[PDB]
file protein.cif (mmCIF, C-alpha atoms)
data_entry
#
loop_
_atom_site.label_atom_id
_atom_site.label_comp_id
_atom_site.auth_asym_id
_atom_site.auth_seq_id
_atom_site.Cartn_x
_atom_site.Cartn_y
_atom_site.Cartn_z
CA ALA A 1 -5.38 -21.79 14.18
CA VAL A 2 -3.34 -19.57 11.94
CA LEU A 3 -3.69 -15.78 11.64
CA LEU A 4 -3.76 -14.77 8.02
CA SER A 5 -3.80 -10.96 7.84
CA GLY A 6 -4.72 -7.81 9.70
CA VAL A 7 -7.21 -5.17 8.59
CA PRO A 8 -6.95 -1.64 10.03
CA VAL A 9 -10.26 0.11 10.68
CA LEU A 10 -10.28 3.86 10.05
CA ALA A 11 -12.83 5.98 11.80
CA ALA A 12 -15.10 8.60 10.28
CA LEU A 13 -18.14 10.71 11.03
CA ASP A 14 -18.93 10.32 7.26
CA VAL A 15 -17.95 6.93 5.95
CA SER A 16 -19.02 7.49 2.36
CA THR A 17 -16.98 10.61 1.80
CA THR A 18 -13.93 9.14 3.40
CA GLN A 19 -14.17 6.02 1.26
CA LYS A 20 -14.63 8.13 -1.92
CA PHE A 21 -11.25 9.78 -1.06
CA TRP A 22 -9.43 6.43 -0.60
CA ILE A 23 -10.86 5.25 -3.89
CA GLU A 24 -10.82 8.25 -6.21
CA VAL A 25 -7.83 10.16 -4.81
CA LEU A 26 -5.66 7.39 -3.49
CA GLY A 27 -6.53 4.75 -6.09
CA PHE A 28 -7.85 1.94 -3.79
CA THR A 29 -10.53 -0.42 -5.11
CA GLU A 30 -13.93 -0.47 -3.44
CA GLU A 31 -14.77 -3.68 -1.57
CA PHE A 32 -18.19 -2.66 -0.13
CA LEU A 33 -20.09 0.29 1.37
CA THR A 34 -22.86 0.46 3.82
CA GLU A 35 -23.89 3.58 5.73
CA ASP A 36 -21.80 2.73 8.78
CA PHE A 37 -19.11 0.42 7.39
CA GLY A 38 -16.99 0.48 4.24
CA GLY A 39 -14.06 -1.43 2.82
CA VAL A 40 -11.32 -0.77 0.23
CA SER A 41 -8.18 -2.49 -1.01
CA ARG A 42 -5.11 -2.10 -3.11
CA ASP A 43 -2.84 -4.95 -4.11
CA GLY A 44 -4.91 -7.16 -1.84
CA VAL A 45 -4.16 -5.02 1.23
CA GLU A 46 -7.48 -4.05 2.88
CA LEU A 47 -8.66 -1.13 5.02
CA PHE A 48 -12.07 -0.77 6.55
CA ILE A 49 -13.77 2.48 7.50
CA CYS A 50 -16.33 2.53 10.35
CA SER A 51 -18.62 5.38 11.56
CA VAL A 52 -18.21 7.05 14.96
CA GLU A 53 -20.04 10.07 16.51
CA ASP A 54 -16.97 11.85 18.04
CA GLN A 55 -14.27 13.58 15.91
CA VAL A 56 -11.65 12.91 18.66
CA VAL A 57 -11.64 9.28 17.53
CA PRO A 58 -10.47 9.69 13.90
CA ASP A 59 -8.22 12.53 15.04
CA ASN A 60 -6.41 9.95 17.17
CA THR A 61 -6.61 6.90 14.85
CA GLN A 62 -3.54 5.62 12.97
CA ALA A 63 -2.53 2.72 10.79
CA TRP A 64 0.64 1.50 9.12
CA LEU A 65 0.78 0.13 5.57
CA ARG A 66 4.00 -1.59 4.51
CA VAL A 67 4.88 -0.75 0.95
CA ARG A 68 7.43 -1.40 -1.66
CA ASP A 69 8.71 1.56 -3.66
CA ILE A 70 7.54 4.29 -1.32
CA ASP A 71 9.08 6.84 -3.72
CA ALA A 72 6.68 5.83 -6.56
CA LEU A 73 3.70 6.01 -4.21
CA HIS A 74 4.54 9.42 -2.83
CA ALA A 75 4.99 10.69 -6.45
CA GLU A 76 1.60 9.21 -7.44
CA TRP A 77 -0.06 11.23 -4.71
CA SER A 78 1.98 14.47 -4.74
CA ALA A 79 -0.22 16.38 -7.18
CA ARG A 80 -3.39 14.99 -5.55
CA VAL A 81 -2.80 15.64 -1.80
CA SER A 82 -1.56 18.90 -0.27
CA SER A 83 1.77 18.99 1.51
CA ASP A 84 0.38 21.65 3.93
CA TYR A 85 -0.03 19.40 6.98
CA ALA A 86 -0.61 22.35 9.32
CA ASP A 87 -3.82 23.21 7.46
CA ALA A 88 -6.38 20.87 9.15
CA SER A 89 -9.27 21.67 6.74
CA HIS A 90 -7.94 19.35 4.02
CA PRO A 91 -6.19 16.03 3.71
CA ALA A 92 -2.42 16.25 3.59
CA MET A 93 0.64 14.16 3.09
CA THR A 94 4.11 14.59 4.65
CA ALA A 95 7.41 14.31 2.82
CA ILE A 96 9.15 10.95 2.92
CA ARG A 97 11.19 10.77 6.17
CA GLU A 98 14.04 8.56 7.25
CA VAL A 99 13.24 6.86 10.57
CA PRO A 100 15.43 4.44 12.47
CA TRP A 101 13.67 1.34 10.98
CA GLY A 102 13.23 2.52 7.37
CA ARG A 103 11.56 5.34 5.38
CA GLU A 104 7.97 6.54 5.68
CA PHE A 105 5.45 9.20 4.98
CA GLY A 106 2.25 10.07 6.70
CA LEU A 107 -1.09 10.79 5.08
CA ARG A 108 -4.00 12.39 6.87
CA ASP A 109 -7.36 11.65 5.24
CA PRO A 110 -10.46 13.78 5.16
CA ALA A 111 -11.82 12.15 8.29
CA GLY A 112 -8.64 12.85 10.24
CA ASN A 113 -7.07 9.37 10.27
CA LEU A 114 -3.27 9.26 9.98
CA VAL A 115 -1.88 6.49 7.90
CA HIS A 116 1.83 5.71 7.71
CA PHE A 117 3.19 4.27 4.49
CA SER A 118 6.49 2.66 5.28
CA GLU A 119 9.31 0.76 3.73
CA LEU A 120 11.92 -1.32 5.68
CA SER A 121 15.62 -0.44 5.19
CA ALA B 1 4.58 0.88 -5.91
CA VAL B 2 3.02 -2.17 -4.36
CA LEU B 3 1.24 -2.30 -0.99
CA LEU B 4 2.44 -5.26 0.99
CA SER B 5 0.39 -5.47 4.20
CA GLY B 6 -1.66 -3.48 6.66
CA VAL B 7 -0.96 -3.04 10.37
CA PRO B 8 -3.83 -2.08 12.71
CA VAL B 9 -2.91 0.30 15.53
CA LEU B 10 -4.73 -0.30 18.82
CA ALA B 11 -5.05 2.55 21.24
CA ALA B 12 -4.29 2.53 24.95
CA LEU B 13 -3.80 4.82 27.91
CA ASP B 14 -1.26 2.18 29.12
CA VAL B 15 0.64 0.61 26.26
CA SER B 16 2.75 -1.74 28.34
CA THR B 17 -0.12 -3.43 30.11
CA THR B 18 -2.09 -3.81 26.95
CA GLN B 19 0.86 -5.37 25.16
CA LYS B 20 1.49 -7.78 28.09
CA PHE B 21 -2.13 -9.02 27.57
CA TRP B 22 -1.67 -9.60 23.80
CA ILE B 23 1.53 -11.47 24.52
CA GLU B 24 0.91 -13.47 27.69
CA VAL B 25 -2.84 -14.06 27.40
CA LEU B 26 -3.36 -14.13 23.68
CA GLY B 27 -0.03 -15.73 22.72
CA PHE B 28 1.35 -13.03 20.34
CA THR B 29 5.11 -12.54 20.07
CA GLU B 30 6.62 -9.24 21.14
CA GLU B 31 8.11 -7.15 18.32
CA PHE B 32 9.15 -4.04 20.35
CA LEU B 33 8.03 -1.80 23.23
CA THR B 34 8.62 1.79 23.94
CA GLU B 35 6.63 3.87 26.41
CA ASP B 36 4.25 5.22 23.78
CA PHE B 37 4.43 2.60 21.02
CA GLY B 38 4.47 -1.20 21.02
CA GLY B 39 4.27 -3.98 18.49
CA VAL B 40 3.28 -7.69 18.52
CA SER B 41 2.76 -10.46 15.98
CA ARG B 42 1.47 -13.93 15.49
CA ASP B 43 2.04 -15.99 12.37
CA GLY B 44 3.60 -12.89 10.84
CA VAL B 45 0.42 -10.83 11.30
CA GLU B 46 1.31 -7.62 13.17
CA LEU B 47 -0.57 -5.25 15.48
CA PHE B 48 0.78 -2.06 16.93
CA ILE B 49 -0.38 -0.39 20.13
CA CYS B 50 -0.05 3.42 20.52
CA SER B 51 -0.71 5.64 23.58
CA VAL B 52 -3.56 8.18 23.72
CA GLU B 53 -4.78 10.43 26.60
CA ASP B 54 -8.58 9.90 26.13
CA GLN B 55 -10.36 6.59 26.92
CA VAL B 56 -13.05 7.37 24.27
CA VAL B 57 -10.45 6.52 21.63
CA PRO B 58 -9.74 2.86 22.52
CA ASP B 59 -13.41 2.45 23.44
CA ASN B 60 -14.17 3.24 19.79
CA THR B 61 -11.20 1.51 18.10
CA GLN B 62 -11.63 -1.75 16.15
CA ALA B 63 -9.62 -4.06 13.95
CA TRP B 64 -10.26 -7.20 11.94
CA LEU B 65 -7.89 -10.18 11.84
CA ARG B 66 -8.57 -12.83 9.21
CA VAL B 67 -7.93 -16.28 10.58
CA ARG B 68 -8.03 -19.86 9.63
CA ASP B 69 -9.61 -22.30 12.07
CA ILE B 70 -11.49 -19.77 14.16
CA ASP B 71 -12.82 -22.68 16.26
CA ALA B 72 -9.28 -23.63 17.45
CA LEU B 73 -8.51 -20.01 18.29
CA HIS B 74 -11.67 -19.42 20.28
CA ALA B 75 -10.97 -22.69 22.22
CA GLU B 76 -7.38 -21.55 22.92
CA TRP B 77 -8.71 -18.41 24.54
CA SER B 78 -11.91 -19.65 26.24
CA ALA B 79 -10.35 -20.45 29.62
CA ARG B 80 -8.21 -17.29 29.49
CA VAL B 81 -10.77 -14.55 28.58
CA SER B 82 -14.18 -14.07 30.21
CA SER B 83 -17.32 -14.49 28.14
CA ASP B 84 -19.05 -11.77 30.26
CA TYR B 85 -18.95 -8.97 27.66
CA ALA B 86 -21.36 -6.79 29.65
CA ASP B 87 -18.80 -6.52 32.46
CA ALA B 88 -16.56 -3.62 31.23
CA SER B 89 -13.93 -3.98 34.01
CA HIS B 90 -12.21 -6.92 32.30
CA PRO B 91 -11.35 -8.10 28.83
CA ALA B 92 -13.94 -10.34 27.25
CA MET B 93 -14.57 -12.45 24.22
CA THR B 94 -17.88 -13.14 22.44
CA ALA B 95 -19.07 -16.51 21.20
CA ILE B 96 -18.38 -17.34 17.57
CA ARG B 97 -21.20 -15.82 15.45
CA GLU B 98 -22.37 -16.50 11.94
CA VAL B 99 -22.45 -13.28 9.90
CA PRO B 100 -23.45 -12.90 6.28
CA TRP B 101 -19.81 -13.07 5.02
CA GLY B 102 -18.45 -15.81 7.31
CA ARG B 103 -17.99 -16.57 11.04
CA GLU B 104 -16.40 -14.31 13.65
CA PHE B 105 -15.88 -13.51 17.26
CA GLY B 106 -15.05 -10.30 18.98
CA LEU B 107 -12.44 -9.75 21.66
CA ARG B 108 -12.26 -6.67 23.82
CA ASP B 109 -8.80 -6.09 25.31
CA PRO B 110 -7.90 -4.43 28.57
CA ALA B 111 -7.55 -1.05 26.91
CA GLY B 112 -11.02 -1.27 25.38
CA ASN B 113 -10.10 -2.06 21.75
CA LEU B 114 -12.46 -4.44 19.94
CA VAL B 115 -10.82 -6.89 17.63
CA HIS B 116 -12.78 -9.13 15.27
CA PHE B 117 -11.34 -12.53 14.43
CA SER B 118 -13.01 -13.71 11.29
CA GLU B 119 -13.09 -16.55 8.85
CA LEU B 120 -14.59 -16.37 5.29
CA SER B 121 -17.34 -18.90 4.41
#
call {"tool": "encode", "arguments": {"input": "protein.cif", "output": "structure tokens"}}
result
Amino acid sequence: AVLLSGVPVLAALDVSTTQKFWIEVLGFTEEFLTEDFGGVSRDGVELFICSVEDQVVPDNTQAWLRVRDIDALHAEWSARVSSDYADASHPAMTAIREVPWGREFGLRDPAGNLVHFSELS
Amino acid sequence: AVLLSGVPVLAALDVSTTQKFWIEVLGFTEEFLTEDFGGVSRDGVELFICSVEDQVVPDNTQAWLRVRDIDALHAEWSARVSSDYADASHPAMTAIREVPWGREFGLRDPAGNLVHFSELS
């Protein structure tokens, strides 16, 4: 038995809207969408999105995506996603930060999930 | 910018205990452990484990791991993890199920996270 890859599952009270963001704003390709369960990918890296009935769940859900050329990716998204992280009514994206293992930025989606885009250095 | 891989983040009120399960029971290799944040991997596939203060979060957290030879993996774990899913006091593992996209089993860890081990067919 060999493990092949891992697929983070984001949570959302509204799967469809959250998936539309990952696709149209962030530039992921749709894999599938049902009412309760959605999937997207970019460069073969997949993320699923599953419905929940309590907002505390997505507000406490995270994922990491390892990237190459984090600078290009942040620039792609800088016009599209607010840098005002303190405003919880909209998605937002942090600046790129240097952390002890590499560089990363965080992105909070419309559902509340926090995804870390990171590069090892 | 190229995405390289995705890393699911499990939730837990007790990170250390949950990581000890993934390592000692499930046979993952430790990557790191701090009080609030842990990492493991197997065949290069990583999972992180992050602390939360509300049990509803891990009880509603999922991940998918794509595998090859799901039958070998289930057999590896069958003596080690109860098949009594209805008993919530211990980890448990479902039987392998045929789903419209392939075959899969679910594993609920001590923290409450549900991870799906799946094979495409």
call {"tool": "residues_around", "arguments": {"input": "protein.cif", "residues": "residue 118 in chain B", "least_positions_apart": "2", "cutoff": "10 Å", "atoms": "all atoms listed in the file", "output": "VMD selection string"}}
result
(chain A and resid 3 to 4) or (chain B and resid 64 to 70 96 to 99 101 to 106 115 to 116 120 to 121)
call {"tool": "closest_residue", "arguments": {"input": "protein.cif", "among": "B:2, B:81, B:50, B:45", "to": "residue 16 in chain B", "atoms": "only C-alpha atoms"}}
result
B:50
call {"tool": "residues_around", "arguments": {"input": "protein.cif", "residues": "residue 32 in chain A", "least_positions_apart": "5", "cutoff": "12 Å", "atoms": "only C-alpha atoms", "output": "list in words"}}
result
residues 15, 16, 19, 20, 23, 37, 38, 39, 40, 41, 46, 47, 48, 49 and 50 of chain A; 101 of chain B
call {"tool": "residues_around", "arguments": {"input": "protein.cif", "residues": "residue 107 in chain A", "least_positions_apart": "5", "cutoff": "8 Å", "atoms": "all atoms listed in the file", "output": "MDAnalysis selection string"}}
result
chainID A and resid 91:94 114:117
call {"tool": "write_last_selection", "arguments": {"input": "protein.cif", "atoms": "C-alpha atoms", "output": "PDB file, keeping the file's coordinate frame"}}
result
ATOM      1  CA  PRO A  91      -6.190  16.030   3.710  1.00  0.00           C
ATOM      2  CA  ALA A  92      -2.420  16.250   3.590  1.00  0.00           C
ATOM      3  CA  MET A  93       0.640  14.160   3.090  1.00  0.00           C
ATOM      4  CA  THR A  94       4.110  14.590   4.650  1.00  0.00           C
ATOM      5  CA  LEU A 114      -3.270   9.260   9.980  1.00  0.00           C
ATOM      6  CA  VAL A 115      -1.880   6.490   7.900  1.00  0.00           C
ATOM      7  CA  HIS A 116       1.830   5.710   7.710  1.00  0.00           C
ATOM      8  CA  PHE A 117       3.190   4.270   4.490  1.00  0.00           C
TER       9      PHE A 117
END
call {"tool": "residues_around", "arguments": {"input": "protein.cif", "residues": "residue 55 in chain B", "least_positions_apart": "5", "cutoff": "12 Å", "atoms": "all atoms listed in the file", "output": "PyMOL selection string"}}
result
(chain A and resi 56-57+60) or (chain B and resi 11-14+60-61+110-113)
call {"tool": "atom_distance", "arguments": {"input": "protein.cif", "atom1": "CA of residue 36 in chain B", "atom2": "CA of residue 90 in chain B"}}
result
22.2 Å
call {"tool": "closest_residue", "arguments": {"input": "protein.cif", "among": "B:29, B:62, B:51, B:83", "to": "chain A", "atoms": "all atoms listed in the file"}}
result
B:62
call {"tool": "closest_residue", "arguments": {"input": "protein.cif", "among": "A:77, A:85, A:22, A:28", "to": "residue 42 in chain A", "atoms": "only C-alpha atoms"}}
result
A:28
call {"tool": "atom_distance", "arguments": {"input": "protein.cif", "atom1": "CA of residue 59 in chain B", "atom2": "CA of residue 30 in chain A"}}
result
27.0 Å
call {"tool": "atom_distance", "arguments": {"input": "protein.cif", "atom1": "CA of residue 21 in chain A", "atom2": "CA of residue 109 in chain A"}}
result
7.6 Å
call {"tool": "closest_residue", "arguments": {"input": "protein.cif", "among": "A:44, A:89, A:63, A:26", "to": "residue 75 in chain A", "atoms": "only C-alpha atoms"}}
result
A:26
call {"tool": "closest_residue", "arguments": {"input": "protein.cif", "among": "B:1, B:33, B:86, B:25", "to": "chain A", "atoms": "all atoms listed in the file"}}
result
B:1
call {"tool": "closest_residue", "arguments": {"input": "protein.cif", "among": "B:108, B:84, B:119, B:100", "to": "chain A", "atoms": "only C-alpha atoms"}}
result
B:119
call {"tool": "axis_aligned_box", "arguments": {"input": "protein.cif", "around": "range 60-70 of chain B", "padding_each_side": "4 Å", "output": "JSON"}}
result
{"center_x": -11.0, "center_y": -9.5, "center_z": 14.5, "size_x": 14.3, "size_y": 33.5, "size_z": 18.6}
